[PDB]
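A single chain, nothing else alongside it, follows as structure tokens in the form solved without the ligand.
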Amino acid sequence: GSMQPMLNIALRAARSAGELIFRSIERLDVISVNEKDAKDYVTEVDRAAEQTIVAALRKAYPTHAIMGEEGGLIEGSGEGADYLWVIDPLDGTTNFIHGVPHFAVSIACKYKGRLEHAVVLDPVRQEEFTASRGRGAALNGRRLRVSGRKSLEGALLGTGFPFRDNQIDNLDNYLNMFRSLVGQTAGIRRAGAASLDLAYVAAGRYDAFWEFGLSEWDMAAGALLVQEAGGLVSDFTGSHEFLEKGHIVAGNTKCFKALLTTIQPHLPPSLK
């Protein structure tokens, strides 16, 4: 398809970031990564990839606002102030630092607060998920559709737990959700990168996905992918503030609805 210029800029920026990340991982597989130096090696790769993305974006749009995982939020100016790029230069950091080849670059563009363009790029598998509002979604140029599955029977769901200490008090809640889904589904997967879980919803590889504790840069692009593939995205209450609240349900039509209903009785008032 003929992509809008902004989507093409984001895609080329993701490609450069992903190639940098790929070279980085290749050296880190052949060397011992001390665990005291591991978090600093990760900070390095994040910031170098973020620099790559932001440099490419600002070469084309110097007046746009940028919100990066590493750099925070920097406002735009003039008309460009209505554009906000939401960047995770490396989604899946625990996988990356352990050498697990499942992670992605995630770039979204919001126009006046609504999702307008999205890229999720797997640089290992060379899988480029792209979308623009009203243009559909694609994997390496091919149109994407959510799966047709009519219920949770035999469904393949994605999920992921937030592993940091301040979510420990939610474990039973999560484990309750999980508990109630094991009977109906064919499987539940925790692969460790929410942007690729959403991308997989968009491509029909997962029938639905849910998670809490996420940040905006992990979910923004993938949510647009799911929407443009004909799916649904909400927070745990069925409203559209998933980006701000950190909990998200995405899926095809019927499996989104069923998954939302299923998880309702286990929601803490914290996540309501």
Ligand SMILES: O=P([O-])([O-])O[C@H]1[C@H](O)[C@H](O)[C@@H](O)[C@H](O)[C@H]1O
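Just count from 1 along the sequence shown to find any residue number.
Only in words, not in the display: the form deposited with the ligand bound, which the text now covers.
Contact check for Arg179: every heavy atom lies farther than 4.5 Å from the ligand in the deposited complex. Contact annotation for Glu211: at least one heavy atom lies within 4.5 Å of the ligand in the deposited complex. None of the heavy atoms of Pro123 is located within 4.5 Å of the ligand in the deposited complex. In the deposited complex, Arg143 stays away from the ligand, with no heavy atom inside 4.5 Å. For the candidate spot formed by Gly160, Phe163 and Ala194, every residue has a non-hydrogen atom within 4.5 angstroms of the ligand in the deposited complex. Proximity to the ligand in the deposited complex, taken as heavy atoms within 4.5 Å, picks out 88 to 96 from the listed stretches 88 to 96, 110 to 118, 131 to 139, 71 to 79.
The contact residue chosen from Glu244, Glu26, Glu35, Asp40 relative to the ligand in the deposited complex is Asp40, the criterion being a non-hydrogen atom within 4.5 angstroms.
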